[PDB]
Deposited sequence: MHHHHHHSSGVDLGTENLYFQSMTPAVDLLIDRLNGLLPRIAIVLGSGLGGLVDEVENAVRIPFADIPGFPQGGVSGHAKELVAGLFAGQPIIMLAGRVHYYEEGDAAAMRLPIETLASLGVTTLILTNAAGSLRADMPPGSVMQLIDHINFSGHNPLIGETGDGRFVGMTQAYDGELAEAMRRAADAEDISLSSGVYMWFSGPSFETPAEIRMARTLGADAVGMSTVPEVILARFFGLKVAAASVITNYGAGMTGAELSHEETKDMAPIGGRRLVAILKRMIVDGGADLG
């Protein structure tokens, strides 16, 4: 159904990797050779565009935008697209986002790869699903091989890449200083309103996952770098993909 349309649309392009673009990274859609832009509304069932082509000399699909849980209160907003990506032969999903840092040592404009997360005030996107596949193990949701490759790519470009735990809050209002003190007490390094439900759905669909946050601000109570933060992340990603033949 959705799979059918995209297959027609893709020239017979066969990407192994898809990238969900967070705020600040929307522009990456432009640096895509032989690009094929598909609006979300053309795609039946999809909840804002899908772009497929060559990036870093390798075939990719990008989602410019995503629907967040806070928008309609639907944590499974991204279920159908993620399923569709899986059915197109994508084996790897890279998720990017904007986040607040809970660490002095990790200022705005820093990039942090996710090694784990905490679902705090989100809802679980697999509620209402049937069959035993729903009991998804999440011990290594963030693929160890991909997390290493990203680290190696950052070192090759000589960009700092932090590592840490992302805590998901529903939003859309930001956190109070007390909620931020709690988040830290609970073990998070950064907070945000996205990504986690897509990681869960990805693991449900058998996709390997990497993720990274651009730090745009310190968390509330601790008191624009979002563009250079994003250019840093893009450079790590590009380098990561060129170095990977079978990635």
Problem set entry | Unmodelled intervals of the deposited chain, in order | 1-24, 72-79, 256-265, 290-291
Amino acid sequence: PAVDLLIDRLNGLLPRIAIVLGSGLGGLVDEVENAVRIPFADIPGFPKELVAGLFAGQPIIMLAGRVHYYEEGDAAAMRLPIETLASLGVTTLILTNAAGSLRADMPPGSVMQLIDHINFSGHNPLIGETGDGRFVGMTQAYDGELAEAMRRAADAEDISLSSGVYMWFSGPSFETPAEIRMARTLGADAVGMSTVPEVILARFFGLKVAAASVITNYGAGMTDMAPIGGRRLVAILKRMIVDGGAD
From here on, numbers count along this sequence of modelled residues.
Problem set entry | Of 233-241 and 5-13, the stretch whose C-alpha atoms average the higher B-factor in the entry | 5-13
Seminar exercise, completed: Comparing mean C-alpha B factor in the record for 126-134 and 157-165, the higher one is 126-134
For this session: Please work out which residue in 198, 49, 189, 179 has the highest C-alpha B-factor recorded for this crystal structure.
Result: 49
Problem set entry | Highest-ranked of 69, 205, 218, 40 once sorted by CA temperature factor in the record | 40
Problem set entry | Third of the chain's Cα B-factor distribution that residue 148 belongs to, per the entry | middle
Seminar exercise, completed: Entry-reported C-alpha B-factor of residue 21 relative to its chain, by third, is middle
Seminar exercise, completed: Of the three thirds of the chain ranked by Cα temperature factor, residue 61 occupies the middle
Exercise. Of the three thirds of its chain by CA temperature factor, lowest, middle or highest, which one includes residue 73?
Worked result: highest
